[PDB]
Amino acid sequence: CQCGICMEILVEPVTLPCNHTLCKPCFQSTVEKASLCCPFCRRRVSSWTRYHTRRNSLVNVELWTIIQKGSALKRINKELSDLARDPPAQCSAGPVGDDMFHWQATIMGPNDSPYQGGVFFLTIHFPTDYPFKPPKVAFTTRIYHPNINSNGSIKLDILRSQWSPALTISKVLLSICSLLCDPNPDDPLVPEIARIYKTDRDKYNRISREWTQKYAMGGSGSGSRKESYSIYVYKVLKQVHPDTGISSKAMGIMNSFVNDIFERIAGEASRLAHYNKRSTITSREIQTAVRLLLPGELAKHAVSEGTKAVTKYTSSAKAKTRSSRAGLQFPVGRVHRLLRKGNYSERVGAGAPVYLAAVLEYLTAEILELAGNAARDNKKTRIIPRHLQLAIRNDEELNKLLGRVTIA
């Protein structure tokens, strides 16, 4: 509600001849140091800046006195917070897993439009220089529109020529909504559709509804809260070392292992789905993710445990709990939500969370078995962080996998 560059309150505001205002830090960071141009409208402010920097009159005293009453990453987080503060109508967006520069977004077909009742998924990629460079926004759901083509590119002025740091991803999503309601056939991306819209509006409305029906019939994101698997880590420990406990500090490290493995597998599985233009993540993407990221025998065993859980899940009775159907301690239904919540794909198949849950359980068991062994070497009955560090370092494959995870 004040500074357009950093979306924070204005401090020592500087107003340029063009009357765009930014806080003194932002002004110094982007104008004074190099560009000497307004970041919003690119008006040259060199003569003005040199004069007033020498005379210490840059700051707008009147505005400043009466107000009392990296940068790219920081701002993206401010957008997401802003997005939660004022959820845009008919829209949602959030990061893909833990990648803040790669978001998923959903748009519900406006009531006014012929897309009503459909859900359209979009991909958003933030550049390194954001907010000074535009975000890359594209549809992954087919849609019949003059300004949207089969590649999912969107011809919208604010996405390219008219992009400004003052704009936000919420405003961008609202503008796309308006574009769905009111196309611009005069400057089209697809001429045939634009010609049809101009001459046969009834046909345009008809084809839009049929496409919406055929192809169109994505959230706050993974969130800031750290998930815990204490319940299921404990169950596995009782199976692997019934007479060995685990300290709560060690349990927090186990959560860090599980969450790290979850994010990496799903993230890669997300990469594969997008790479092959697949709407749904299935056990296949999870398996190829596992095979590429896990080393050696860990990968061979993880693939075995995942294939066996999926096989047992399909043949089992549909009445029992999903985790029970797969013979797993780790929660299948919960892993499924975390795959949808993380915005890795439009859809998530039912075998995917089973396979991933089984891979997580297997790796947890491996780590717990070795940590317990490492505890029994020091004549101890309870796993502490040090025994987790030992179990990782003393196993070449596990150290390749989890060595980068910090252990205190």
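Numbering starts at 1 and follows the sequence shown.
In the deposited sequence, the stretch from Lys379 to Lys380 has no residues without coordinates, so the chain runs on without a break. According to the entry, the deposited sequence has 10 or more residues without coordinates between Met217 and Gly218. Of the two segments, 228-236 and 308-316, the one listed with the higher mean B-factor is 308-316 (C-alpha atoms only). In this entry, 83-91 shows the higher mean Cα temperature factor of the pair 284-292 and 83-91.
Across the residues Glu62, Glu369, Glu346, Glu361, the deposited record lists the maximum Cα B factor for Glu62. You'll see in the entry that, of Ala34, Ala365, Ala357, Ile383, the Cα B factor peaks at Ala34. Sorting the modelled residues of the chain by their CA temperature factor places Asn276 in the middle third. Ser270: CA B factor lies in the lowest third for its chain, per the PDB record. In the PDB entry, a CA B factor belonging to the middle third of its chain's modelled residues is recorded for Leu401. The PDB entry assigns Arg393 a C-alpha temperature factor belonging to the middle third of its chain's modelled residues. Sort the modelled residues of the chain by CA B factor and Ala375 lands in the middle third.
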